[PDB]
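Protein chains in written order, with UniProt numbering: chain X, 223 to 316; chain H, 138 to 204; chain G, 2 to 149; chain W, 202 to 251; chain A, 30 to 66; chain V, 35 to 154; chain F, 9 to 102; chain Z, 23 to 108; chain D, 101 to 149; chain R, 2 to 178.
In this text, a Cβ means the ideal position worked out from N, Cα and C, and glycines have one as well.
Let me begin by presenting the structure, written as structure tokens, before commenting on it.
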Amino acid sequence: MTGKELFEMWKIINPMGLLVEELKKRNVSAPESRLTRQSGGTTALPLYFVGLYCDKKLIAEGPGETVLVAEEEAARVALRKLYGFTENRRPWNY
Amino acid sequence: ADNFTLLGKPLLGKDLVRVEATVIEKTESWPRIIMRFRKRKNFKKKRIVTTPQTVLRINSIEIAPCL
Amino acid sequence: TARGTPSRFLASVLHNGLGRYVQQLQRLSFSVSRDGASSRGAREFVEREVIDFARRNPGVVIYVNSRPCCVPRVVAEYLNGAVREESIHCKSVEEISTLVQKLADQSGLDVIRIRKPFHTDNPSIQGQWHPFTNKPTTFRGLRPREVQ
Amino acid sequence: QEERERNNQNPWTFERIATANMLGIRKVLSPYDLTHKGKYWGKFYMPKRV
Amino acid sequence: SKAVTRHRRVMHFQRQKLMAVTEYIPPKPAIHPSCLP
Amino acid sequence: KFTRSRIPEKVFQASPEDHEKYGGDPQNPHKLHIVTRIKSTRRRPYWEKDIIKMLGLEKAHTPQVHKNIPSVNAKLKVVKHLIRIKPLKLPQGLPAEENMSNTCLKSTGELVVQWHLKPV
Amino acid sequence: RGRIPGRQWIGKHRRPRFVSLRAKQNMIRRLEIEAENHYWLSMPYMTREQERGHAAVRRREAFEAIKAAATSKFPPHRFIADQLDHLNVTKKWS
Amino acid sequence: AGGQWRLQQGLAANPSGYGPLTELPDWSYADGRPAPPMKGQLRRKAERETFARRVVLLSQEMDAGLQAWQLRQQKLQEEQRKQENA
Amino acid sequence: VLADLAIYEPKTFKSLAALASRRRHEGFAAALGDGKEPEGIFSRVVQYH
Amino acid sequence: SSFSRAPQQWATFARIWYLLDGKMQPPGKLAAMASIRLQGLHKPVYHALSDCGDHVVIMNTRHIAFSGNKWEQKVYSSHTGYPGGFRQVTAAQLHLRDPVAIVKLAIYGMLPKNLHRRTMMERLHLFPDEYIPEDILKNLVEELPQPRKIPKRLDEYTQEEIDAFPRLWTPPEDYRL
RNA sequence: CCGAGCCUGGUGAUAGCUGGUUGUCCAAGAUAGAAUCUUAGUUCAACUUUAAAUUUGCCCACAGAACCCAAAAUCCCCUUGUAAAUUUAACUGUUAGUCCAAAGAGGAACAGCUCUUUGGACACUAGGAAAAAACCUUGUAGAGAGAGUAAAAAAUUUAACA
Ligand SMILES: [Mg+2]
Ligand SMILES: [Mg+2]
Ligand SMILES: [Mg+2]
Ligand SMILES: [Mg+2]
Ligand SMILES: [Mg+2]
Ligand SMILES: [Mg+2]
Ligand SMILES: [Mg+2]
Ligand SMILES: [Mg+2]
Ligand SMILES: [Mg+2]
Ligand SMILES: [Mg+2]
Ligand SMILES: [Mg+2]
Ligand SMILES: [Mg+2]
Ligand SMILES: [Mg+2]
Ligand SMILES: [Mg+2]
Ligand SMILES: [Zn+2]
């Protein structure tokens, strides 16, 4: 399993909705998505960096072709950070 | 690590870290060719080499509180 | 040669190093002859050293045919199904021992050009470089020469 | 010319370098140069050279 | 060619390096001898 | 024409400024010259390269020791432009038999007889 | 345009090479090294008469070792073991 | 890079020459056992040992030469004494 | 490894650059006064034996 | 990181639209920086085969200045291809006929001589005046600074700077001036 | 297809002249001149090569080597630093050479000219000077996704006058 990551093993739909449910269970404010950085909006290769901010605090940012891809990727990043399956996590102890 | 780094002058102490590596594979390298050719002096020569090569895997790293 | 020869990235089978190590040599098949000046080395090897080799390595299995052969062979089948055969025709006992030991220490995959001498399946910490890592933002995120 | 060759701040002078053969430059140089040291080149004469 | 020539016989590269190193570097004070003294 | 060049012996008389520059006391002169080959032996005369070979400098950047005596200083003078010379300096006296192996050279011409391989 | 008569580096007319501070500093460095060599070659340790007759023993004993090494040249020894091991090519199991 | 700096500091111009970056052992057993020396380290220490033997040889030969010279000078003095005593 | 570090962990490469810049400034202070001053904290070296 | 594969690759190998103002700046320096950024040396993932270039925009190319009489003695020379088609033109006349061609040829010379040169030069964009089309002043990222400084004029120097700068000498009164 | 026919045979004529000269791998190795109806060649010498016997071989320290008509240097040369040198048996191959630096001769104090001497290089790898034989760094041979260095990038702008 080491290589194949969480969202590569397990599939999800409406990850933004899943995140909303999760942190509403955790009793925190509903965040808003805001494009932090932009490049090539009119260009054929748009690039957006979208951050998901709650109560004036950021949890995750996500790159993306479009704003929708960027925000769903940011939701994915925040879900990874909350579930503890970040790529920078403690290796498995043997 | 994600939030900090420790670098030596030049290298770190023995007691601070412990890098552990396991051996996985011993092989002869794929056949490398050594050809020497010079021009219009019938100087043409070749040789084959298969250098040995060893594969390790870093299994774990841990740091000591000593500092 | 690299462009004529195929290539691969360094990798191991089923992550052999992390858990309990397993020598990925599975099976040996010797083809040696009773007679034949070429097979005398193989006969000496099978009479003295093969016993100790099999004792040291239980996971491996050894088959010996002992049939008429003008050139004695040794075939090695590994876990992946990788078969490789080599001729021990007119070889000394010490080089036969080194050969079988390197076979035992090898892995189940062909020897070809290795593109890189390392392999990290998660190379990045502190985040992989993107163009916006080392440059700040703007008040209200305003592009250059933009009023509102 | 005398006060210039006395007061030159350059520590390195063809006098010393050639009389010592500090870099085997006696190849490029002549035995005549040992006394025609720097001022002369062929028949010419470089007075500014010291 | 000969040593002595009508034209300036181009010298060896090492020799030209030596001649470029060896010049009269005039001993000058840090201060110009007119404005201050 | 090009021939073996005699050196004026007046060149090898150091002045007080030279002594106090290079740090060498004319009294109590050192015993041993550490020597290294710095320059190409090619494009040099046969006698120079043979002197190199007899001194044992066919290998570059490999320090080799000689005495400080005129019989050697002659060869060193005739191949001086090809080599870096330095005196030998040692605080720990002559190497003792127990420490023949754990010796180490330094870039400063020093030869330490003990090498603990550990910072103070 | 701007050709050089004949070969670029020989003859009555050649291509004019010029010197740079790079080469100047290189050669003056080498000259300072040569000056240090002169200094350390000065102030010898012993005199001619002092150093006359100390190394003769070592020199001539080394040369007589060379004598012995050059004189000790004969065919190798021949052995029945190596002669008869050739019979072991027709080894065969009963 | 920094070769001349290392030289004036006292270290090798090339860090691969000597020092702890190269002289230490590059692998040991996880149980704490010491690994055998590397062949490079072996040949380096052998070179240095021959170097030290040679230095001792040269030094004591020079000392013996000077001693023989001064003893011969004492011989000279005493034989002059003999001559005028005759 | 410097390149790999600059690629995969820019924070550590930024720390190295900060170190280098501070060492430059210490070297400039030393160029002003070589001795007769406390040497740079990072310009200090380790003596081995 | 904790990013997805394709989005991470995209964000890493993405292109960027840089802008720089050439008003009273030298074409050599501005074109040099533009070229290094076009072939993409500035990013640590530079490789020739990987087309990791970035789009560049120059502004006010008409208002550039050389150092020296280059406007007069610098000669851009080109052969059309026919007999007598060898034309030479000073930088001044070439600026009058096309104010962009100077910087264009500068970058064309700075860049390597590969087939990627044309691609990078069409990535690059040039405008002699303070005016830009909508999309290509909208989809920008950053305006990098200028290579050289603009010396100020006497009409620009404020009064406090002047009265702080000391007067150097006292003129005699009896002088027409 | 006649300065003397064509065919066969001698005849596989001869050819100091051109050309060509077949598997793998290691090493050592380009060299003064003399004679020759000889200078497009060859014999000897010298160089190189092999296998042996032997011992001095190379660098070189004071002294020493012409009057005639003021040179860099040279010969000899114990020590020393080094390990080669000589001799003995056997051949072969080279014996049509180019540039640079220096001392010179001829010529025009021209030649990428020709002719001698001392040295280097090239005809062996590599880096540099733009590509470059001869210029400068640099040799003893391999794998490397290690590092330190060598030679190594041209500077110039010019004229008033009582
Ligand atoms: Mg000449
Ligand atoms: Mg030419
Ligand atoms: Mg006829
Ligand atoms: Mg007819
Ligand atoms: Mg015939
Ligand atoms: Mg002939
Ligand atoms: Mg032919
Ligand atoms: Mg060879
Ligand atoms: Mg005769
Ligand atoms: Mg002698
Ligand atoms: Mg001819
Ligand atoms: Mg010629
Ligand atoms: Mg000529
Ligand atoms: Mg030839
Ligand atoms: Zn003034």
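What residues of chain V sit near residue i, judged by a beta carbon separation below 8 angstroms?
| i | result |
| --- | --- |
| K61(Z) | Result: empty, since nearest Cβ-Cβ is about 16 angstroms, beyond 8 angstroms. |
I need the straight-line Cα distance from residue i to residue j, nearest angstrom please.
| i | j | result |
| --- | --- | --- |
| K226(X) | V58(R) | 42 angstroms |
| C71(G) | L43(Z) | 55 angstroms |
| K136(G) | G110(R) | 29 angstroms |
| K30(R) | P148(R) | 6 angstroms |
| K61(Z) | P52(F) | 39 angstroms |
| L91(V) | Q47(V) | 27 angstroms |
| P129(R) | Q149(G) | 25 angstroms |
| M223(X) | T164(H) | 27 angstroms |
| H237(W) | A120(D) | 53 angstroms |
| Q30(Z) | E139(D) | 16 angstroms |
| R85(G) | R28(G) | 11 angstroms |
| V76(R) | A93(R) | 9 angstroms |
| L19(G) | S50(Z) | 19 angstroms |
| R141(G) | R256(X) | 11 angstroms |
| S105(V) | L89(V) | 12 angstroms |
| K114(D) | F14(R) | 21 angstroms |
| residue 117(Z) | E57(F) | Absent from the model: residue 117(Z). The displayed extent of chain Z is 23 to 108, so no value can be given. |
| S79(R) | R88(R) | 5 angstroms |
| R119(R) | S51(R) | 16 angstroms |
| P13(F) | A108(V) | 47 angstroms |
| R116(G) | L122(V) | 49 angstroms |
| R38(V) | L49(F) | 19 angstroms |
| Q26(Z) | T220(W) | 30 angstroms |
Are residue i and residue j close, meaning C-beta to C-beta below 7 angstroms?
| i | j | result |
| --- | --- | --- |
| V156(H) | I198(H) | yes |
| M122(R) | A66(R) | no |
| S98(G) | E45(G) | no |
| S40(G) | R74(G) | no |
| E144(R) | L39(R) | no |
| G109(G) | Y79(G) | yes |
| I72(V) | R118(V) | yes |
| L26(G) | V61(G) | yes |
Whose Cβ in chain H lies nearer than 8 angstroms to the Cβ of residue i?
| i | result |
| --- | --- |
| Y316(X) | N196 and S197 |
| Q107(G) | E162, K163 and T164 |
Could you name the residues of chain G that residue i contacts, counting a contact when the two beta carbons are closer than 9 angstroms?
| i | result |
| --- | --- |
| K44(R) | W130 and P132 |
Which bits of chain G does residue i rub up against, with CB to CB less than 7 angstroms?
| i | result |
| --- | --- |
| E157(H) | What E157(H) touches in chain G: nothing, since even the nearest Cβ is about 11 angstroms away. |
Give the residues of chain G in contact with residue i, contact being defined as C-beta atoms less than 8 angstroms apart.
| i | result |
| --- | --- |
| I107(D) | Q129 and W130 |
Who are the neighbours of residue i on chain W, taking C-beta pairs under 9 angstroms?
| i | result |
| --- | --- |
| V45(V) | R217, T220 and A221 |
Could you list which residues in chain F have their beta carbon closer than 9 angstroms to that of residue i, in chain order?
| i | result |
| --- | --- |
| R68(G) | None at all; the shortest Cβ gap to chain F is about 13 angstroms. |
What does residue i reach in chain Z if we use C-beta pairs closer than 8 angstroms?
| i | result |
| --- | --- |
| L144(H) | Ordered by position in chain Z, no residue passes the 8 angstroms Cβ test against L144(H), which lies about 14 angstroms from the chain. |
Under 7 angstroms between beta-carbons, which chain R residues line up against residue i? List them in chain order, please.
| i | result |
| --- | --- |
| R302(X) | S3 |
Give me the chain Z residues within the contact set of residue i, using Cβ-Cβ distance strictly less than 9 angstroms, ordered along the chain.
| i | result |
| --- | --- |
| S135(V) | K67, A68, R70, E71 and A74 |
Under 7 angstroms between beta-carbons, which chain D residues line up against residue i? List them in chain order, please.
| i | result |
| --- | --- |
| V154(V) | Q147 and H149 |
Check your understanding: Which residues, in order along the segment 22-52 of chain F, keep a beta-carbon less than 7 angstroms from a beta-carbon of chain V?
Key -> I41, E42, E44, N45, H46, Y47, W48, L49, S50, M51 and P52
Point to revise | the segment 124-138 of chain G: positions lying closer than 7 angstroms to chain D by Cβ | key: For the segment 124-138 of chain G, which is checked against every Cβ of chain D, the residues closer than 7 angstroms are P124, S125, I126, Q127, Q129, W130, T134 and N135.
Check your understanding: the segment 112-129 of chain D: which residues have C-beta closer than 7 angstroms to a C-beta of chain H, in chain order?
Key -> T112 and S115
Check your understanding: Got a sec: which bits of the segment 2-18 of chain R sit with their beta carbon under 8 angstroms from any beta carbon on chain X, in order along the chain?
Key -> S2, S3, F4, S5, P8, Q9, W11, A12, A15, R16, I17 and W18
Exercise for review: Let me know the beta strand (DSSP E) ranges lying completely inside the segment 97-137 of chain V, each 3 residues or longer, listed in chain order.
Suggested key: 98-101 and 117-121
Practice item. Can you give me, in chain order, the residues of the segment 58-74 of chain F that have a beta carbon less than 7 angstroms from any beta carbon in chain V? Key: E59
Point to revise | Whole alpha helix (DSSP H) elements within the segment 32-83 of chain F, 4-residue minimum | key: 64-79
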